[PDB]
Amino acid sequence: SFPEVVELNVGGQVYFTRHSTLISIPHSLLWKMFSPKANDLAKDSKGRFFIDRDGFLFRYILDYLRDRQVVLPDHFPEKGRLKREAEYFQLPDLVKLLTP
């Protein structure tokens, strides 16, 4: 079973969050990966769960999961890349919020 506080390595960037935050959006990729019905998920050299995506963009994914909204730094030049990340994580609402 997963621990209360999950430690994630996303593309090299380390994030900590509650397990409930990872199953926050029903039917999303993280919902499947972290729903208790673990040993399928890859791990880095220090035993952290590894997510093979851009670690810098994930910071906004996580904020969505926390707040159902995202504030982007001013003049953010990668709205489209973050949109693709949302598509990969199967977060439809976020995909719509980032639609140009």
# chains A, B, ... in the order shown; residues from 1 in each chain; ligands from 1
$ select_by_dssp --residues "chain A" --states "helix (DSSP H, G or I)" --output "JSON, numbers by chain"
{"A": [19, 20, 21, 22, 29, 30, 31, 32, 33, 34, 55, 56, 57, 58, 59, 60, 61, 62, 63, 64, 65, 66, 67, 79, 80, 81, 82, 83, 84, 85, 86, 87, 88, 92, 93, 94, 95, 96, 97]}
$ select_by_dssp --residues "chain A" --states "strand (DSSP E)" --output "list in words"
residues 5, 6, 7, 8, 9, 10, 13, 14, 15, 16, 17, 18, 49, 50 and 51 of chain A
$ residues_around --residues "residue A:36" --least-positions-apart "2" --cutoff "10 Å" --atoms "only C-alpha atoms" --output "ChimeraX atom specification"
/A:1-2,19,23,31-34,38
$ atom_distance --atom1 "atom CA of residue A:30" --atom2 "atom CA of residue A:12"
17.8 Å
$ residues_around --residues "stretch 66-78 of chain A" --least-positions-apart "4" --cutoff "8 Å" --atoms "only C-alpha atoms" --output "PyMOL selection string"
chain A and resi 21+60-62+82+94
$ write_last_selection --atoms "C-alpha atoms" --output "mmCIF file, in the first residue's frame"
data_model
loop_
_atom_site.group_PDB
_atom_site.id
_atom_site.type_symbol
_atom_site.label_atom_id
_atom_site.label_comp_id
_atom_site.auth_asym_id
_atom_site.auth_seq_id
_atom_site.Cartn_x
_atom_site.Cartn_y
_atom_site.Cartn_z
ATOM 1 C CA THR A 21 -3.921 14.491 -3.910
ATOM 2 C CA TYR A 60 1.913 23.239 -12.308
ATOM 3 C CA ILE A 61 0.192 19.870 -12.763
ATOM 4 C CA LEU A 62 0.521 19.327 -9.022
ATOM 5 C CA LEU A 82 1.917 22.235 -20.188
ATOM 6 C CA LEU A 94 -6.825 21.554 -16.999
#
$ closest_residue --among "A:26, A:11, A:80, A:92" --to "residue A:56" --atoms "only C-alpha atoms"
A:11
$ atom_distance --atom1 "atom CA of residue A:87" --atom2 "atom CA of residue A:65"
13.9 Å
$ atom_distance --atom1 "atom CA of residue A:89" --atom2 "atom CA of residue A:8"
14.8 Å
